[PDB]
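Protein chains in written order, with the authors' numbering: chain A, 2 to 37, 47 to 437; chain C, 2 to 36, 47 to 279, 285 to 437; chain B, 2 to 44, 47 to 277, 286 to 360, 369 to 438; chain D, 2 to 44, 47 to 277, 286 to 360, 369 to 438; chain E, 4 to 30, 45 to 141.
Quick reminder that beta carbons are idealized off the backbone N, C-alpha and C, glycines included.
What follows is a short report on a single structure.
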Amino acid sequence: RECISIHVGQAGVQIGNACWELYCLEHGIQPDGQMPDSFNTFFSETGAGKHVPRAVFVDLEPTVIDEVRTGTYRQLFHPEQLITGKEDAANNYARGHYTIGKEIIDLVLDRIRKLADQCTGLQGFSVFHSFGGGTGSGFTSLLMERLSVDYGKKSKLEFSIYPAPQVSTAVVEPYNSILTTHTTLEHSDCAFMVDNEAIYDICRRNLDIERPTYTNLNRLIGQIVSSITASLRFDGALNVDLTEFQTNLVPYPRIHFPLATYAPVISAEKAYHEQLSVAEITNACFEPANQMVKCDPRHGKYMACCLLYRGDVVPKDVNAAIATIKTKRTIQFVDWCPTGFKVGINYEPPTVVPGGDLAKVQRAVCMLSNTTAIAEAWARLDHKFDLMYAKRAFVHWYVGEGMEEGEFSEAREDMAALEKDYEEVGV
Amino acid sequence: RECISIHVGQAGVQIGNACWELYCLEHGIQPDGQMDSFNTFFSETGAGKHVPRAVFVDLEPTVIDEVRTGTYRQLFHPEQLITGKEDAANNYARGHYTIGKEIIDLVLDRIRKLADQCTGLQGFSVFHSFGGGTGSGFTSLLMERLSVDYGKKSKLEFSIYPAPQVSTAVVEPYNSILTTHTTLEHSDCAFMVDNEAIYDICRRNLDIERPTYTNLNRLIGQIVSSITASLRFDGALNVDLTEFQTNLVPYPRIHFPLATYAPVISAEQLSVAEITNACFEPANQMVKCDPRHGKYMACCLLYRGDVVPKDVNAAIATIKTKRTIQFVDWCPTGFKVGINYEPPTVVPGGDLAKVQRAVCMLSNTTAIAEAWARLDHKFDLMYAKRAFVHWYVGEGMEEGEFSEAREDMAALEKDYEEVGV
Amino acid sequence: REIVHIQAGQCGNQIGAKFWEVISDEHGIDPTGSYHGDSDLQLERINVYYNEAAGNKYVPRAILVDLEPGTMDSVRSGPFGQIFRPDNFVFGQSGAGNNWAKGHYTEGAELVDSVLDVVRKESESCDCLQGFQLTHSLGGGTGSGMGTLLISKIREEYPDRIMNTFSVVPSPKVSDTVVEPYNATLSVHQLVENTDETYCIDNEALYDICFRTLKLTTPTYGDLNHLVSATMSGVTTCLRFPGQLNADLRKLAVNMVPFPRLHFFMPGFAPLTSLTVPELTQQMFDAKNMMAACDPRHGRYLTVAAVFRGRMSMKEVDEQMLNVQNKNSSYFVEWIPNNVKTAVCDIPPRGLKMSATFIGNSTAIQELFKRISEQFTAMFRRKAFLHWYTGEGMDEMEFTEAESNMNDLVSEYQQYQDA
Amino acid sequence: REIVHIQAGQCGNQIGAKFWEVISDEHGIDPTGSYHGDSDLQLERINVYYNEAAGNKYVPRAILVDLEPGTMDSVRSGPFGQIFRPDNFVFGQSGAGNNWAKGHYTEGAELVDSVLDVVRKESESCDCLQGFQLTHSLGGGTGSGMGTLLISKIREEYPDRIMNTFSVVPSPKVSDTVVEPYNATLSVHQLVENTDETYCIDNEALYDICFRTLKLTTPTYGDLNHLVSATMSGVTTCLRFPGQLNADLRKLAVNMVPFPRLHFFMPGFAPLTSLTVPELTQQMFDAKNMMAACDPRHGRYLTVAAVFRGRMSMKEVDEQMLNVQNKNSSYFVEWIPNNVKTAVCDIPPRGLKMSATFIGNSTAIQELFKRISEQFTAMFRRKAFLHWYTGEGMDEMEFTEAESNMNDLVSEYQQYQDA
Amino acid sequence: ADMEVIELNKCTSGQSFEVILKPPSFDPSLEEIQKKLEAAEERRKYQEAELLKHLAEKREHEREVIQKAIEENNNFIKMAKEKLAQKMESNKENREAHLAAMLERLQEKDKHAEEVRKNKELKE
Ligand SMILES: Nc1nc2c(ncn2[C@@H]2O[C@H](COP(=O)(O)OP(=O)(O)OP(=O)(O)O)[C@@H](O)[C@H]2O)c(=O)[nH]1
Ligand SMILES: Nc1nc2c(ncn2[C@@H]2O[C@H](COP(=O)(O)OP(=O)(O)OP(=O)(O)O)[C@@H](O)[C@H]2O)c(=O)[nH]1
Ligand SMILES: COc1cc2c(c(OC)c1OC)-c1ccc(OC)c(=O)cc1[C@@H](NC(=O)CS)CC2
Ligand SMILES: COc1cc2c(c(OC)c1OC)-c1ccc(OC)c(=O)cc1[C@@H](NC(=O)CS)CC2
Ligand SMILES: Nc1nc2c(ncn2[C@@H]2O[C@H](COP(=O)(O)OP(=O)(O)O)[C@@H](O)[C@H]2O)c(=O)[nH]1
Ligand SMILES: Nc1nc2c(ncn2[C@@H]2O[C@H](COP(=O)(O)OP(=O)(O)O)[C@@H](O)[C@H]2O)c(=O)[nH]1
Ligand SMILES: [Mg+2]
Ligand SMILES: [Mg+2]
Ligand SMILES: [Mg+2]
């Protein structure tokens, strides 16, 4: 039925800031308020005009949220769904999860419950946050723990941002990622990882931008997310229910992180070109250069594939495209699991931002796969962490806020385990 | 901030008489009265006059009387000139006990009358003879008591070490040893001036067959000027006493730095490199001896006049290449260089000429102890027979105080030698 | 979020004075007056370094401290003399020192409270206080002794916020006192304990840059400060200017200092004296261009942080910045991943069309501590000029206790040239 | 600072009378009148030897004592007879003596008070009294006996100030009495105890100088006094004249007498009778030219003091003065350092273009004491003329007690020809 | 290739259908735990309550230094103020005694003359 979005910390905020804008454009809601159920999934028809989101934005410093209460969309939200916190997260889980968090948790927790109160039978939360990064790791982890206390069943879907050297990280980043992903794991149902290097990469090979901005990256991520939710905003089979999301992608409680691949990304200017064939975009879906987490599944195995189409598309083709997508390709499905392909088509065409860098497209695909090769990213992170921890590199800052040296072991200890589970699923 | 000068006894008085005159000429104060910076040493009194922060004391009038006679008569206050009718007699025992006691309270109180118009005084510069009646006696007593009334405040003495030719007195060595003992635990840093060294410089340089006091004093005047200068002008070399001494004395044992004046040349331009070169030359010292023998444990260069550091450097470089560096084991290679742009003015009818630039060099060497020996020997050898001791026992001194004092000089001479590598 | 600036002791005061008038003209501020300059940015984070008072006026959040008038009245009747808030100056009057003891006990303690209670009014005035930064010399005493004291008293009243300092470490050439090594060692120990980050400006390095590489014979205290002053603007740029980072100054700490013992940074500047990019990097990573007498070669870098300046393409920067830690990839500790971060800002400094500055946490700094500890134990051997301190109240073993702490600092930096 | 002059007993009175008229013409003073003479100096320290009265007038600070009128009225109707203050003369009237006893007990004591009470007036009139000097003979009694008494009574009323005497020690040739040795010994003892310095003018020496080196056959008391009189001016010069020394007369004592036992000086003069410099020194250091019958050869010098006179270059004096204690460097005790001091003054004496005088504390003086103690124990053996004293009240053992003290003085001087 | 697809659901603006390709071939978050969180407060408040009880420690050694200083000085004055005074008492007593012994001997070889002139009264 209903559906709350939570955006915590800079990355979280700004990402949602850009996908709440694609949402509006998709459902035609002029910023201020109304349009001249279906999409009630995400908005609450407030007042006798306005349309307002079911979202909450939290950051531990103003700055980011302040720019939201400034630029148009200023009117779009309620002042109360925008929580801000004066003192910064400092860049270490330990602060966000303990010291600085505690102080703002009770105010957030209560407001998201103020939103869930006008929802006859809520469904769950979609949460957006950074992997490394101050409050993104810290506060998130704490939110989720307590969200599990106040909302027993209700599912939790996280949209995490896996950090990458070039789109500037922070030295301590790997600690933070490992740290959150530990506590946070036994509490999420299914999570969508997004490698910043992958998106930086797509913006280069495709949009052709020498220096990709955040505002450039986010727009693209916006689209992937839109395509992910979509299903449950327009209502029309395949993932029309948060439950049905995990039921289709995660076979194991170990919160599995599906690998997302977006269809045709092509720059305006190239806009008035040729419409890409239904067969072709599917064909571009089984292509590493177009993933969302840098790695490669021609290596590992697949244990649940999903195709989410959008626009002008009849199944008749989607079929013949699948047929030929198997013939001269790396099928490599895993031992005890069908050959999934829960196909979903959502006739509603892919709208894109007006001054954007991508053009309108006749039809687009999404493909959410749960492969074993996604663990190649859990490795890349562990190594960084392991190698720094080999000398207590920056640990003292965390012990400083009040953490145990033990929680560092105990967390990497899980990541050692997960990487084992992942590999263990192979044939 | 402020700075009191005290001149006790003949030598003390006359020396100051001549460097208070070089002071005036340096700061241009027409004797009569008038013309901060210049304030370190003078108190702007009345709505005209400039007057020194000094006190002159002697136990007979004579000397002081000539001061209240010759021009400069107006320059001081009548009070700052204390005089005492009965002489010191030439024996510490009198100056420190018998005849002193009587005038100490009156001096002590007047110098405090001077220090009262001084928002945050600094210390005293005291000029006195080594052997010599009240120079040894009274001085010693003054310093004891100054330490009682002025806790912290530093004491800088300018002592005159006696020498056979510019007439001494048979008993001189007793007196010197005597004062330098009591006086030692109470001074912070002292500048010794060998009368033989100055007699010597006036011969090799000024070319005077018979050097007068008035001839010697003029020269000493200059050395002293260059020493103080820094803290009179002001923002230059050795600012606020303390940082002056903190620079020369490494050990509480009052260390007596060795002074060497730059170019002394008679009236009727020397290179920056050359005068520095003349500074490491025994024939130009202030205490006859030689440091090519002992070691250096803190060197200081105090320039005056037209000088850029660019040269002072290249002069030092070459001053070490073909020379006896000989610095001591545990101490850098000092050379706190200080330049004081203000040119070296000299007395008008004087024997030395105006000079473009002059150097000062204050070094604390171990070889300065060669003078502490030359004195001990004289003393030791006379005391070997109680030579004149009875005159001291006569005023009321103990034969023990003679032992107890030489006893320290035995110790000092040990310490000095002990600092060697 | 907002920082106060303490500036104490002849060197500190002179150093900072140039800092102030240098950033003030960057932001476009008159001796008193406000803005004037067709730029617009400037003002965003002007907040950070300027509490602003009556009418237009800008007045820096600065406290001025010393134990002798002179040096202060040098500023007042000087560059941007009128800029500072009058009762923000804290005179000393009494004897200076040039002896630590005096400044950290006797003549020091005397003032402390009257300063502490002026930093207290600036701080509590701040909307959200970030921390303090202080400038002072480690040699001499009216700032190396009072300074190390001021800070020991800031933590205690502000454990909370972080402590930042720019400290000029002294050398045997271009020095006024024989005792400097005593004063230096005595502070180094203090710095280690109560500060989060300390920038080392070595004067030996400084002199070397003017004469060894800039034909400047007699190096004034002037063209020497010009170096420090330019470097200091470079180091802060990111917290006073754009909207790229933002710089919590805490984020800067948590990310530059891997190990508690406040690790001391050696800074470096690009073009100099009173520029292709590959040409700029090659220079900013050269020993011949560090602000501390060291030589990153004789030691690995723990973490490095560089900040460029001027209209230039980051495409080239990111490329050249990778090309340094490659032709030199052995000198970047490999147990800390992306340990070298670069920031670019596009508002040129004084003159200069292009500019870069560099912050480095390098174990080669060990070399500097070793050389001051060399003249220290070389003097404290046969207890040198020590009686100057004994006298002001200090104990003999408070020297050994400092020397001992300091050598460990060397024995730790030398421990992390590991694997 | 200021000295009074007692002058007692025929010899003393005559001796001093020439002294007075000799210095008076040096200073340019009339029989009464004041100054007259184109010189200007003179008057500085005229203070020292002349209390000045009504109008101009100069009147010497002199007390005249005797035990028989004659000798006094010899002065009054004589040289500068009018010069002395009238009630400053103290007549005796009664028997003279020429026997110590009479002058130190019976006829002596009788007067003492009336003299003492006049020295008391002169002294207490003095602005700052330096001490007394007395002239008298050791042989005979009206001054050798009253004198030694007068002084025994000055100390007691004046322990304070110092006692100076010029005493003529008598000889077997040119003598009026067989008893002189008794009178001499009896005083020598007294002098030893209550005086700080005593100059010995030996009459044996004196006679020798006139006949043995001056072709003068019958030596009057006249040309003989001329020697003593000239010597006495030479010895005092430095206290009555310049501004080179000043001479506290106590300074003179503290510096000439190493040992308490008042050591007796033998004086010597340069040119004589009634001069190149090397020629002047060679003479002033010659036995043949000492004022006491001795011979510095048979004994070392403890300390020596020489005072030149007249326009001559000190350059030469200091040179020659070193050249004496070199060609004779064995005769200057080496346990007392710079033990020979020389003073030069430029106001010539009577006649003489050049002049020098000499003061010597020499162990050879022993020779003199020995020779009077030789005729003493040579008479007191079989108790000679002794009954002349026994009778005036003296005790037999007061002679042995004197003799004993005296021989020690010899046994002490002879002790210091040590090493 | 040879697929056969089954179709679960046909909406208004959608259509979902699964396509099986080949036979697979096989066979309490706990509330109470905010005490974990408020264990960190009482460990951080410790860290700081330390480097504070450990800082006011330095503080009262600064009082001690300013103190051994002023008291260092005192014991130079009130020890060498009475080193002078009880030595210029050694002095008065010594000379006064030297000058009193010098009259003692003098007033007696005086009161002997008087007593042996009174011998010339019985004698002559
Ligand atoms: N894709 C994307 N990544 C971002 C964005 N902003 C920050 N990041 C990334 O997020 C990580 C840092 O997380 P932050 O959001 O800045 O951390 P935070 O504590 O939540 O935010 P602050 O409280 O402002 O420090 C790094 O990995 C960055 O690359 C963004 O707008 N888009
Ligand atoms: N350089 C220098 N030395 C002097 C001067 N006057 C005296 N002396 C020396 O000082 C020492 C004697 O000291 P005095 O000043 O005479 O002794 P005083 O007791 O202080 O003075 P008086 O009371 O006059 O005895 C000897 O070393 C002399 O050579 C002088 O004017 N200049
Ligand atoms: C009466 O006037 C005289 C007074 C004095 C001295 C003296 O002999 C030269 C006199 O002439 C007879 C005198 C004496 C003795 C010394 O030692 C032998 C001496 O060093 C020094 C002196 C004289 N002083 C000096 O030579 C001082 S530089 C002062 C005392
Ligand atoms: C004062 O402003 C600065 C503040 C900071 C940084 C910095 O670069 C040195 C600054 O410039 C001086 C900074 C530092 C260093 C890092 O590690 C070496 C890092 O990863 C990261 C940073 C900065 N953060 C980032 O670069 C993430 S984009 C934030 C902290
Ligand atoms: N670079 C820089 N260093 C200075 C300056 N002035 C002094 N110093 C150094 O700092 C040390 C002493 O500092 P100083 O300010 O004189 O001591 P203070 O009384 O504590 O302020 C000296 O050794 C100098 O090398 C300055 O103007 N700039
Ligand atoms: N040179 C000097 N000696 C004299 C003179 N008169 C006497 N004498 C010597 O002094 C001794 C005693 O002198 P005199 O005056 O008769 O004794 P008086 O009774 O004390 O005055 C004699 O033995 C002579 O040797 C004199 O005129 N001049
Ligand atoms: Mg953060
Ligand atoms: Mg004297
Ligand atoms: Mg200074």
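Do you know how far the Cα of residue j is from the Cα of residue i?
{"i": "B:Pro184", "j": "B:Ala397", "result": "10 Å"}
{"i": "A:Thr193", "j": "A:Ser147", "result": "10 Å"}
{"i": "D:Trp346", "j": "D:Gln436", "result": "11 Å"}
{"i": "B:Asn186", "j": "B:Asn337", "result": "40 Å"}
For residue i, go through chain E and note every residue whose CB falls closer than 7 Å to its CB, in chain order.
{"i": "C:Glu155", "result": "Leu101"}
{"i": "C:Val159", "result": "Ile94, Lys98"}
How is the beta strand (DSSP E) around residue i delimited, first residue to last?
{"i": "D:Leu313", "result": "312-320"}
{"i": "A:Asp205", "result": "200-205"}
{"i": "C:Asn356", "result": "352-356"}
Apart from the five residues on each side of it in sequence, which residues of its chain come closer than 7 Å, Cβ to Cβ, to residue i?
{"i": "D:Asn91", "result": "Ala65, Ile66, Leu67, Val121"}
{"i": "D:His192", "result": "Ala421, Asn424, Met425"}
{"i": "C:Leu157", "result": "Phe135, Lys166"}
What does residue i reach in chain A if we use C-beta pairs closer than 9 Å?
{"i": "B:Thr151", "result": "By Cβ distance, chain A contributes nothing, its closest Cβ being about 23 Å from B:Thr151, past 9 Å."}
Could you work out which residues of chain B lie near residue i, taking near to mean beta carbons separated by less than 8 Å?
{"i": "A:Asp98", "result": "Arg2, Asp251, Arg253, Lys254"}
{"i": "C:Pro274", "result": "None at all; the shortest Cβ gap to chain B is about 23 Å."}
For residue i, which residues from the same chain have a beta carbon less than 8 Å from its beta carbon, with the 5 sequence-adjacent residues on both sides left out?
{"i": "A:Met36", "result": "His28, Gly29, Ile30, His61"}
In the DSSP assignment, find the unbroken alpha helix (DSSP H) run with residue i in it and report its ends.
{"i": "D:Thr419", "result": "416-432"}
{"i": "A:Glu77", "result": "74-78"}
Anything in chain B within Cβ reach of residue i, meaning under 7 Å, just list it in chain order.
{"i": "C:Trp346", "result": "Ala397, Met398, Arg400, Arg401, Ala403"}
If the cut is a Cβ gap below 9 Å, which residues of chain B does residue i touch?
{"i": "residue 45 of chain A", "result": "Since the numbering of chain A jumps from 37 to 47, residue 45 of chain A cannot be located in this structure."}
Which chain A residues are close to residue i, counting only those with a beta carbon under 8 Å from its beta carbon?
{"i": "E:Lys13", "result": "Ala247"}
With a CB to CB cut of under 6 Å and the five nearest residues on each side skipped, what residues in its chain are close to residue i?
{"i": "C:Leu227", "result": "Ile209"}
Which chain A residues sit within Cβ distance under 7 Å of residue i?
{"i": "B:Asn349", "result": "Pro175, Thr179, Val181"}
For this session: Would you list, in chain order, the members of the segment 66-77 of chain E that have their beta-carbon closer than 7 Å to a beta-carbon of chain C?
Result: Residues: none.
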